[PDB]
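What follows is a short report on a single structure.
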Amino acid sequence: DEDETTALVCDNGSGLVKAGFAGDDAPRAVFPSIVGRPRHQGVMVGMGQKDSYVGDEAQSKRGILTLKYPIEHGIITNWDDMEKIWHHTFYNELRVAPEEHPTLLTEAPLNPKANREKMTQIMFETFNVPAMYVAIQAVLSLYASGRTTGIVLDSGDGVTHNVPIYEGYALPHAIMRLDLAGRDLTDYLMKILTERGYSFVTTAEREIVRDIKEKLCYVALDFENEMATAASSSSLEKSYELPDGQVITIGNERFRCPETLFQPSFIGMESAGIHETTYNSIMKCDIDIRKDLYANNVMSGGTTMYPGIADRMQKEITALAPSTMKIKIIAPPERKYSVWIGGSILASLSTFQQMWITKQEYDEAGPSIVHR
Amino acid sequence: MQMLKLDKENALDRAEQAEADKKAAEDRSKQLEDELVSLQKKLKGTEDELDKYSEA
Amino acid sequence: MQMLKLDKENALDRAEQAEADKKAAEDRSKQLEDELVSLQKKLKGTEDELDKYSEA
Amino acid sequence: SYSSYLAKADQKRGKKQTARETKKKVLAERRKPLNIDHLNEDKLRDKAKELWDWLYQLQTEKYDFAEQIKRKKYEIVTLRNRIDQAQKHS
Amino acid sequence: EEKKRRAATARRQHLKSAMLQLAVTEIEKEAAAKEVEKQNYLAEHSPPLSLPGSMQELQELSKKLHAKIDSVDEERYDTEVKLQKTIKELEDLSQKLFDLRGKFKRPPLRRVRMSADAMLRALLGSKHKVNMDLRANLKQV
Amino acid sequence: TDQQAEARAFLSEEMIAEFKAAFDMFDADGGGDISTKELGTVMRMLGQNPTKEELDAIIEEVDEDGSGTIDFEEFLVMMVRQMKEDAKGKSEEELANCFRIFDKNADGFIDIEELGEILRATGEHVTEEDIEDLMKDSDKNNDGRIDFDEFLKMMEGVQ
């Protein structure tokens, strides 16, 4: 129990932090990855002067603060502001004292060696946690779907990745990163919806375009004869009621937004798209392992939640793969937390105890110890 | 050889038919499941607009 | 003969799998379609309790 | 749901067959032939009992492993009641 | 204003302790009795051996035993495995409760290291006089 | 150091006295702290066989000064946590057992009937009202029985 209860799992994202206790089924804490700094001197009624704001209080009060994102494209870019988000996570969100909890953290696919050593330096030397561990994100997603070999298409708020994993070892030279994700996708909907003849003028109009994207957006299979369908004008249309009455209608654009993930050309991106990239990762791997990867395309991440994403991907890679092959696109329902759940499982596991980096290992080996 | 060829063609035609109406069962499933997250969603909305107008 | 036998066994195993998850797609279809006539029903009810309390 | 029937066969048969040989491998090791046959006469005496003890040895353990499961089986019954009691979907 | 109510509670305690006190003394009864059953069971399944004559008997008996050994051993094995299965079943249940409550009392597996009382005894042998449990110590008279 | 406080606050001179004698034997050279090696020796004398990883973890559990060694203070802390855990385990075990004795019908519960029996089984004099009263006070989920959880709670304190 000492640490059975006690292991923490913190998944640091570009848009959201997911956090909680190893053992739980889902994150106890989910909140924006921002750190707000007040543009002016003054106070809220009853509070003192605050130097900084994090998560939702930074979002809610955004009009008087300069908002900053510590993690650009999955990599920690500002370490002063990240230690601020961690502090908030332990002390306010989970309300635990960190110096008696083992902490499993996550990093990104080709996270620079030096960063994995730096967050270890900050975990052990400024938070004084007993022990910690850094798992790679795609690797926890895979594992949370039971398996050990597969290829994860991972897509969240600032990055998309393909991480081919074989008997647990993520394959460095076959990993692909595509910098277009849910953030890019909300801003494109924004324009095709103002372009539908609308105005997201106040900040209460801006924010909810993102809630339109999440609730009403679709990834149609045969996106071709779906536009064609749009035109005959079926009961395909969908009206959403705004903060007030102002019933906005979205028929068609509803799927023009996730067609951006297959066609980056919709947004002036010259890069290849999700399905081709799944494939290219795969023809960059060893030959003998390619049947395995093909029957185990595990999807994780908030942006892979658009319904019919899996069917489109299913048919997208069948038709690029040699017919002798078995294609299989696994997309679980909890996928917006796969990464986290894979960490919860792993860290609550009976056999993981012997991989925890302890302060004994650290004080004796330097940050190098956990770096592997 | 001949026997194995003929019962093979009949295995493949039954496979092709069984794949075709499967595609159809899955598309109808997906359609109904989607119409639903829409109706069930519309409802949390009408029931919440409700405790609100009844309290007001 | 040998080739026709082996791609025949692979035609039959793909047929058997395709029948099995078809059964599964149809059972989930039925289940979701039934949960629905129930949710959509519950709704005409909460929306009609509504025009009533809203008018009152 | 009948496409999962082929899963039953593969799965069950698989695991069960895996378990078998293991049990065979394991049990085989702990077995040293009765090689000593007609090498001495009083040997049987100092031998027979040793076998006797080994038997008694195993017997006694089997009894303990047994009583153990019973106790555990009860731990379960209780651990299940705590699970239901701790349900309250409230 | 329920001034007397205080005595009611003390009763439950007095009784609770009358219960536990009862428990403990019954606990060792069942324990020893249990053992008794164990020696009787063994009493017949493998009674005080009596080495036979000399020729065919010793050999025969030996063969008899040796075969039974593989027998009992197999049974011993099957049993060990049904235990494994069981311990497994409750570990899972010992989970379905954790992430539904948290750390709860009396986990079935219990990861225990040696007690400090043990380590102390082990290391100082003779001079280890402190029936440690919890009782703090504050100046007597 | 804050821990080393209550820790020493917890123990008695007697305790410290012995825990010292014990600590001294841990410490070979007699310098002032157990090293990752000095510990290994004692562990084996104690009948274990830890690995480098295992040892350190056991060390840096009470190494507040990131020394990589344990001083008679960090040690007392360690003894304390143990003393605690030991006593907790022994308690829950006993109660656990008591529950099985009181249960006997093995339904995993203790119904007003058994509660009466066991109670009446004590020497003490009791009338039904007492029994049903203790039931009503113990049964928090008001289901009639007393689950292990409740039993832990109800016996919480009692000796």
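The chains in the structure tokens are called A, B, ... from first to last as shown; in each chain the residues are counted from 1, and the ligands are counted from 1 in the order shown.
Fit chain C to chain B on the Cα trace, atom for atom in sequence order, and the RMSD comes out at 1.2 Å.
With the cut-off set to 6 Å and only C-alpha atoms counted, chain A residues close to chain E are residues 5, 23 and 24 of chain A.
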Handout entry: Shell of 10 Å around residue 34 of chain B, only C-alpha atoms, local chain residues under 5 positions omitted, as a ChimeraX atom specification
Key = /A:216,218,307 /B:28-29,39 /C:32
If you keep C-alpha atoms, can you produce a file of those selected residues as an mmCIF file, in the first residue's frame?
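So again_19.cif came out as:
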data_model
loop_
_atom_site.group_PDB
_atom_site.id
_atom_site.type_symbol
_atom_site.label_atom_id
_atom_site.label_comp_id
_atom_site.auth_asym_id
_atom_site.auth_seq_id
_atom_site.Cartn_x
_atom_site.Cartn_y
_atom_site.Cartn_z
ATOM 1 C CA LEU A 216 -20.715 17.514 -33.839
ATOM 2 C CA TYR A 218 -17.261 13.544 -37.946
ATOM 3 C CA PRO A 307 -16.379 9.153 -35.020
ATOM 4 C CA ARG B 28 -26.769 0.897 -40.006
ATOM 5 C CA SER B 29 -25.273 0.345 -36.504
ATOM 6 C CA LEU B 39 -30.883 12.298 -29.135
ATOM 7 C CA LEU C 32 -28.203 0.242 -29.482
#
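We find atom CA of residue 369 of chain A and atom CA of residue 10 of chain A to be spaced 20.2 Å apart.
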- request: Show me which bits of chain D are within 8 Å of chain E, counting only C-alpha atoms, as a VMD selection string.
  value: chain D and resid 23 27 31 34 37 41 to 42 44 to 45 47 to 49 51 to 52 54 to 56 58 to 63 65 to 66 68 to 69 72 to 73 75 to 76 79 to 80 82 to 83 86
Can I get the residues of chain C within 12 Å of chain A, each with the closest pair of atoms and their distance in Å to one decimal, using only C-alpha atoms, sorted chain first then ascending number, as a Markdown table?
| residue | atom | partner | partner_atom | distance |
| --- | --- | --- | --- | --- |
| C:7 | CA | A:324 | CA | 10.5 |
| C:10 | CA | A:324 | CA | 10.3 |
| C:11 | CA | A:324 | CA | 11.7 |
| C:14 | CA | A:326 | CA | 10.1 |
For chain A, which residues have at least one atom within 9 Å of chain F, if we go by only C-alpha atoms? Write them as a ChimeraX atom specification, please.
-> /A:130-131,354,357-361,363-364
Write out as a Markdown table a residue-level contact list of chain E versus chain F with cut-off 9 Å: for each qualifying residue the closest pair of atoms and the distance in Å to one decimal, counting only C-alpha atoms, rows sorted by chain and residue number upward.
| residue | atom | partner | partner_atom | distance |
| --- | --- | --- | --- | --- |
| E:11 | CA | F:130 | CA | 8.7 |
| E:12 | CA | F:134 | CA | 6.2 |
| E:13 | CA | F:158 | CA | 6.5 |
| E:14 | CA | F:158 | CA | 8.4 |
| E:15 | CA | F:119 | CA | 7.5 |
| E:16 | CA | F:158 | CA | 6.5 |
| E:17 | CA | F:158 | CA | 5.6 |
| E:18 | CA | F:122 | CA | 6.3 |
| E:19 | CA | F:119 | CA | 6.2 |
| E:20 | CA | F:98 | CA | 7.0 |
| E:21 | CA | F:122 | CA | 8.4 |
| E:22 | CA | F:122 | CA | 5.9 |
| E:23 | CA | F:98 | CA | 5.5 |
| E:24 | CA | F:98 | CA | 7.1 |
| E:26 | CA | F:101 | CA | 7.7 |
| E:27 | CA | F:101 | CA | 7.1 |
| E:30 | CA | F:101 | CA | 8.8 |
| E:104 | CA | F:149 | CA | 8.7 |
| E:105 | CA | F:92 | CA | 7.3 |
| E:106 | CA | F:92 | CA | 6.0 |
| E:110 | CA | F:89 | CA | 8.4 |
| E:112 | CA | F:86 | CA | 8.3 |
| E:113 | CA | F:82 | CA | 8.7 |
| E:114 | CA | F:86 | CA | 8.4 |
| E:115 | CA | F:86 | CA | 5.9 |
| E:116 | CA | F:83 | CA | 6.1 |
| E:117 | CA | F:83 | CA | 7.9 |
| E:119 | CA | F:46 | CA | 7.2 |
| E:120 | CA | F:22 | CA | 6.7 |
| E:122 | CA | F:46 | CA | 7.0 |
| E:123 | CA | F:22 | CA | 6.7 |
| E:124 | CA | F:22 | CA | 7.0 |
| E:127 | CA | F:18 | CA | 8.5 |
| E:128 | CA | F:18 | CA | 7.1 |
| E:129 | CA | F:14 | CA | 8.5 |
| E:130 | CA | F:15 | CA | 7.2 |
| E:132 | CA | F:83 | CA | 7.9 |
| E:133 | CA | F:87 | CA | 6.1 |
| E:134 | CA | F:87 | CA | 7.6 |
| E:136 | CA | F:10 | CA | 6.6 |
| E:137 | CA | F:12 | CA | 6.2 |
| E:138 | CA | F:12 | CA | 8.7 |
Let's have the selection written as a short mmCIF file (atom, residue, chain, number, x, y, z; two decimals), in the first residue's frame, with N, CA and C atoms.
data_model
loop_
_atom_site.label_atom_id
_atom_site.label_comp_id
_atom_site.auth_asym_id
_atom_site.auth_seq_id
_atom_site.Cartn_x
_atom_site.Cartn_y
_atom_site.Cartn_z
N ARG E 11 -20.61 0.95 27.79
CA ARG E 11 -21.08 -0.42 27.82
C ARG E 11 -20.65 -1.13 26.54
N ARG E 12 -21.04 -0.59 25.40
CA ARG E 12 -20.66 -1.21 24.15
C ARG E 12 -19.19 -1.53 24.19
N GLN E 13 -18.39 -0.60 24.69
CA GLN E 13 -16.97 -0.88 24.76
C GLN E 13 -16.74 -2.05 25.68
N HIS E 14 -17.25 -1.95 26.90
CA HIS E 14 -17.05 -3.03 27.85
C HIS E 14 -17.40 -4.36 27.21
N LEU E 15 -18.46 -4.35 26.41
CA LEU E 15 -18.89 -5.55 25.73
C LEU E 15 -17.97 -5.88 24.59
N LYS E 16 -17.65 -4.88 23.77
CA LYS E 16 -16.77 -5.15 22.65
C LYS E 16 -15.53 -5.86 23.16
N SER E 17 -14.95 -5.35 24.23
CA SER E 17 -13.75 -5.94 24.81
C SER E 17 -14.04 -7.31 25.40
N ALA E 18 -15.28 -7.54 25.79
CA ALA E 18 -15.65 -8.82 26.33
C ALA E 18 -15.71 -9.75 25.14
N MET E 19 -15.99 -9.18 23.98
CA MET E 19 -16.06 -9.98 22.78
C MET E 19 -14.66 -10.36 22.34
N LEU E 20 -13.84 -9.36 22.04
CA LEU E 20 -12.48 -9.64 21.62
C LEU E 20 -11.85 -10.57 22.59
N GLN E 21 -11.91 -10.21 23.87
CA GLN E 21 -11.30 -11.07 24.85
C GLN E 21 -11.78 -12.50 24.61
N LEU E 22 -13.05 -12.66 24.28
CA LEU E 22 -13.59 -13.99 24.05
C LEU E 22 -12.94 -14.60 22.82
N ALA E 23 -12.89 -13.81 21.77
CA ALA E 23 -12.31 -14.20 20.49
C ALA E 23 -10.96 -14.88 20.66
N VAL E 24 -9.99 -14.09 21.11
CA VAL E 24 -8.63 -14.55 21.32
C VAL E 24 -8.51 -15.92 21.97
N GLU E 26 -10.68 -18.15 22.03
CA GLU E 26 -11.35 -19.15 21.22
C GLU E 26 -10.47 -19.43 20.02
N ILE E 27 -9.76 -18.38 19.60
CA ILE E 27 -8.86 -18.43 18.47
C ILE E 27 -7.79 -19.50 18.60
N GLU E 30 -9.44 -23.26 18.48
CA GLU E 30 -9.65 -23.73 17.11
C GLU E 30 -8.32 -24.09 16.49
N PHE E 104 -7.42 -0.04 1.49
CA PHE E 104 -8.39 -0.45 2.49
C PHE E 104 -7.69 -1.34 3.49
N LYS E 105 -8.31 -1.55 4.65
CA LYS E 105 -7.70 -2.40 5.65
C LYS E 105 -7.66 -3.87 5.24
N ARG E 106 -6.69 -4.58 5.81
CA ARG E 106 -6.48 -6.00 5.59
C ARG E 106 -6.34 -6.51 4.18
N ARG E 110 -0.77 -8.99 1.81
CA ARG E 110 0.12 -8.51 2.87
C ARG E 110 1.60 -8.65 2.61
N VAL E 112 4.91 -8.13 3.94
CA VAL E 112 5.52 -7.83 5.22
C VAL E 112 7.04 -8.11 5.29
N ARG E 113 7.76 -7.15 5.84
CA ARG E 113 9.21 -7.24 6.02
C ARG E 113 9.35 -7.73 7.45
N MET E 114 10.56 -8.05 7.88
CA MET E 114 10.69 -8.54 9.24
C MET E 114 10.49 -7.41 10.23
N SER E 115 9.87 -7.71 11.36
CA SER E 115 9.62 -6.71 12.37
C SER E 115 10.89 -6.21 13.03
N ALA E 116 10.81 -5.00 13.55
CA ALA E 116 11.94 -4.40 14.23
C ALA E 116 12.26 -5.24 15.47
N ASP E 117 11.21 -5.81 16.08
CA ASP E 117 11.37 -6.65 17.27
C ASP E 117 12.19 -7.87 16.89
N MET E 119 14.41 -8.03 14.18
CA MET E 119 15.74 -7.57 13.90
C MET E 119 16.48 -7.34 15.20
N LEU E 120 15.82 -6.71 16.17
CA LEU E 120 16.46 -6.46 17.45
C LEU E 120 16.87 -7.77 18.11
N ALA E 122 17.24 -10.76 16.74
CA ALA E 122 18.25 -11.34 15.89
C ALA E 122 19.66 -10.79 16.12
N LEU E 123 19.78 -9.49 16.35
CA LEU E 123 21.08 -8.85 16.51
C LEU E 123 21.68 -8.74 17.89
N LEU E 124 20.85 -8.71 18.92
CA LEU E 124 21.41 -8.54 20.24
C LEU E 124 21.25 -9.77 21.10
N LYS E 127 20.34 -9.57 25.35
CA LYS E 127 19.86 -8.27 25.79
C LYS E 127 18.94 -7.52 24.85
N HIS E 128 17.68 -7.92 24.83
CA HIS E 128 16.68 -7.23 24.03
C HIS E 128 15.40 -7.22 24.87
N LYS E 129 15.36 -6.34 25.86
CA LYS E 129 14.22 -6.29 26.76
C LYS E 129 13.26 -5.11 26.59
N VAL E 130 12.38 -5.17 25.60
CA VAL E 130 11.40 -4.10 25.39
C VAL E 130 10.20 -4.66 24.63
N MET E 132 8.00 -3.82 23.03
CA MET E 132 7.47 -2.78 22.16
C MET E 132 6.16 -3.10 21.42
N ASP E 133 5.25 -2.14 21.41
CA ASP E 133 3.96 -2.27 20.72
C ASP E 133 3.43 -0.88 20.38
N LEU E 134 3.32 -0.02 21.39
CA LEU E 134 2.82 1.34 21.19
C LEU E 134 2.96 2.19 22.45
N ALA E 136 3.74 4.46 25.02
CA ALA E 136 4.79 5.47 25.16
C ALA E 136 5.25 5.39 26.63
N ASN E 137 6.17 6.25 27.03
CA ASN E 137 6.67 6.23 28.40
C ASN E 137 6.82 7.63 28.98
N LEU E 138 6.09 7.94 30.04
CA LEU E 138 6.22 9.25 30.64
C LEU E 138 6.43 9.03 32.12
#
Those in chain E with alpha helix (DSSP H) from DSSP, as an MDAnalysis selection string | chainID E and resid 5:45 56:93 98:101 116:124
Export, as a PDB file, in the first residue's frame, the selected residues with C-alpha atoms.
ATOM      1  CA  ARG E   5     -25.864   8.767  27.592  1.00  0.00           C
ATOM      2  CA  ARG E   6     -22.125   8.517  28.319  1.00  0.00           C
ATOM      3  CA  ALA E   7     -22.565   5.254  30.248  1.00  0.00           C
ATOM      4  CA  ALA E   8     -24.322   3.629  27.288  1.00  0.00           C
ATOM      5  CA  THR E   9     -21.267   3.934  25.053  1.00  0.00           C
ATOM      6  CA  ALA E  10     -18.895   2.664  27.712  1.00  0.00           C
ATOM      7  CA  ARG E  11     -21.081  -0.423  27.816  1.00  0.00           C
ATOM      8  CA  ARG E  12     -20.661  -1.207  24.146  1.00  0.00           C
ATOM      9  CA  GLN E  13     -16.971  -0.883  24.757  1.00  0.00           C
ATOM     10  CA  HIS E  14     -17.051  -3.027  27.852  1.00  0.00           C
ATOM     11  CA  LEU E  15     -18.891  -5.550  25.734  1.00  0.00           C
ATOM     12  CA  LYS E  16     -16.771  -5.146  22.651  1.00  0.00           C
ATOM     13  CA  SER E  17     -13.749  -5.940  24.809  1.00  0.00           C
ATOM     14  CA  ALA E  18     -15.655  -8.820  26.333  1.00  0.00           C
ATOM     15  CA  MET E  19     -16.065  -9.982  22.779  1.00  0.00           C
ATOM     16  CA  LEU E  20     -12.481  -9.641  21.624  1.00  0.00           C
ATOM     17  CA  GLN E  21     -11.296 -11.073  24.853  1.00  0.00           C
ATOM     18  CA  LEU E  22     -13.588 -13.992  24.048  1.00  0.00           C
ATOM     19  CA  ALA E  23     -12.307 -14.204  20.492  1.00  0.00           C
ATOM     20  CA  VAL E  24      -8.634 -14.551  21.318  1.00  0.00           C
ATOM     21  CA  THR E  25      -9.152 -17.393  23.761  1.00  0.00           C
ATOM     22  CA  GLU E  26     -11.347 -19.152  21.216  1.00  0.00           C
ATOM     23  CA  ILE E  27      -8.858 -18.428  18.465  1.00  0.00           C
ATOM     24  CA  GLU E  28      -6.130 -20.589  19.957  1.00  0.00           C
ATOM     25  CA  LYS E  29      -8.656 -23.304  20.766  1.00  0.00           C
ATOM     26  CA  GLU E  30      -9.651 -23.733  17.111  1.00  0.00           C
ATOM     27  CA  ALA E  31      -5.989 -23.452  16.243  1.00  0.00           C
ATOM     28  CA  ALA E  32      -4.782 -26.339  18.313  1.00  0.00           C
ATOM     29  CA  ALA E  33      -7.858 -28.406  17.626  1.00  0.00           C
ATOM     30  CA  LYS E  34      -7.208 -27.752  13.961  1.00  0.00           C
ATOM     31  CA  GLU E  35      -3.677 -29.213  14.335  1.00  0.00           C
ATOM     32  CA  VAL E  36      -5.135 -32.227  16.042  1.00  0.00           C
ATOM     33  CA  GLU E  37      -7.136 -32.906  12.934  1.00  0.00           C
ATOM     34  CA  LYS E  38      -3.910 -32.591  10.962  1.00  0.00           C
ATOM     35  CA  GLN E  39      -2.074 -35.263  12.892  1.00  0.00           C
ATOM     36  CA  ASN E  40      -5.023 -37.651  12.710  1.00  0.00           C
ATOM     37  CA  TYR E  41      -5.401 -37.186   9.006  1.00  0.00           C
ATOM     38  CA  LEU E  42      -1.712 -37.933   8.705  1.00  0.00           C
ATOM     39  CA  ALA E  43      -2.262 -40.582  11.355  1.00  0.00           C
ATOM     40  CA  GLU E  44      -3.945 -42.854   8.850  1.00  0.00           C
ATOM     41  CA  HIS E  45      -2.710 -41.701   5.481  1.00  0.00           C
ATOM     42  CA  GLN E  56      10.582 -59.476  -1.230  1.00  0.00           C
ATOM     43  CA  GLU E  57       8.865 -57.285   1.344  1.00  0.00           C
ATOM     44  CA  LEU E  58      11.484 -54.502   1.693  1.00  0.00           C
ATOM     45  CA  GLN E  59      11.802 -54.389  -2.058  1.00  0.00           C
ATOM     46  CA  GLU E  60       8.049 -54.564  -2.612  1.00  0.00           C
ATOM     47  CA  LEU E  61       7.227 -51.938  -0.006  1.00  0.00           C
ATOM     48  CA  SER E  62       9.901 -49.747  -1.475  1.00  0.00           C
ATOM     49  CA  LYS E  63       8.342 -50.034  -4.879  1.00  0.00           C
ATOM     50  CA  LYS E  64       4.922 -49.414  -3.254  1.00  0.00           C
ATOM     51  CA  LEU E  65       6.066 -46.179  -1.651  1.00  0.00           C
ATOM     52  CA  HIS E  66       8.064 -44.871  -4.565  1.00  0.00           C
ATOM     53  CA  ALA E  67       4.986 -45.140  -6.803  1.00  0.00           C
ATOM     54  CA  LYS E  68       2.748 -43.460  -4.212  1.00  0.00           C
ATOM     55  CA  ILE E  69       5.281 -40.669  -4.092  1.00  0.00           C
ATOM     56  CA  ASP E  70       4.741 -39.759  -7.739  1.00  0.00           C
ATOM     57  CA  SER E  71       1.077 -40.025  -6.915  1.00  0.00           C
ATOM     58  CA  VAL E  72       0.968 -37.814  -3.849  1.00  0.00           C
ATOM     59  CA  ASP E  73       3.439 -35.503  -5.403  1.00  0.00           C
ATOM     60  CA  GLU E  74       1.127 -34.963  -8.403  1.00  0.00           C
ATOM     61  CA  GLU E  75      -1.744 -34.276  -5.993  1.00  0.00           C
ATOM     62  CA  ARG E  76       0.472 -31.990  -4.027  1.00  0.00           C
ATOM     63  CA  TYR E  77       1.176 -30.165  -7.318  1.00  0.00           C
ATOM     64  CA  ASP E  78      -2.426 -29.922  -8.474  1.00  0.00           C
ATOM     65  CA  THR E  79      -3.227 -28.494  -5.045  1.00  0.00           C
ATOM     66  CA  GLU E  80      -0.441 -25.938  -5.205  1.00  0.00           C
ATOM     67  CA  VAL E  81      -1.853 -24.845  -8.518  1.00  0.00           C
ATOM     68  CA  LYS E  82      -5.420 -24.499  -7.241  1.00  0.00           C
ATOM     69  CA  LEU E  83      -3.883 -22.325  -4.576  1.00  0.00           C
ATOM     70  CA  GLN E  84      -2.093 -20.243  -7.138  1.00  0.00           C
ATOM     71  CA  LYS E  85      -5.369 -19.904  -8.969  1.00  0.00           C
ATOM     72  CA  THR E  86      -7.082 -18.830  -5.755  1.00  0.00           C
ATOM     73  CA  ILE E  87      -4.512 -16.382  -4.502  1.00  0.00           C
ATOM     74  CA  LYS E  88      -4.844 -14.972  -8.028  1.00  0.00           C
ATOM     75  CA  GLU E  89      -8.590 -14.634  -7.823  1.00  0.00           C
ATOM     76  CA  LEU E  90      -8.337 -12.682  -4.618  1.00  0.00           C
ATOM     77  CA  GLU E  91      -5.530 -10.427  -5.798  1.00  0.00           C
ATOM     78  CA  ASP E  92      -7.825  -9.268  -8.589  1.00  0.00           C
ATOM     79  CA  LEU E  93     -10.589  -8.794  -6.073  1.00  0.00           C
ATOM     80  CA  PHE E  98      -8.714  -0.528  -4.202  1.00  0.00           C
ATOM     81  CA  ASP E  99      -9.735   1.528  -7.192  1.00  0.00           C
ATOM     82  CA  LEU E 100     -13.241   1.829  -5.793  1.00  0.00           C
ATOM     83  CA  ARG E 101     -12.309   2.805  -2.260  1.00  0.00           C
ATOM     84  CA  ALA E 116      11.940  -4.401  14.230  1.00  0.00           C
ATOM     85  CA  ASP E 117      11.367  -6.648  17.265  1.00  0.00           C
ATOM     86  CA  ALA E 118      12.760  -9.446  15.137  1.00  0.00           C
ATOM     87  CA  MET E 119      15.743  -7.572  13.898  1.00  0.00           C
ATOM     88  CA  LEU E 120      16.461  -6.465  17.448  1.00  0.00           C
ATOM     89  CA  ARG E 121      16.256 -10.021  18.786  1.00  0.00           C
ATOM     90  CA  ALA E 122      18.248 -11.345  15.895  1.00  0.00           C
ATOM     91  CA  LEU E 123      21.079  -8.851  16.513  1.00  0.00           C
ATOM     92  CA  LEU E 124      21.414  -8.537  20.245  1.00  0.00           C
TER      93      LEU E 124
END
- Query: segment 53-186 of chain A: which residues are strand (DSSP E or B) by DSSP, as a ChimeraX atom specification?
  - Reply: /A:53-54,65-68,71-72,75-76,103-107,131-136,150-155,160-166,169-170,176-178
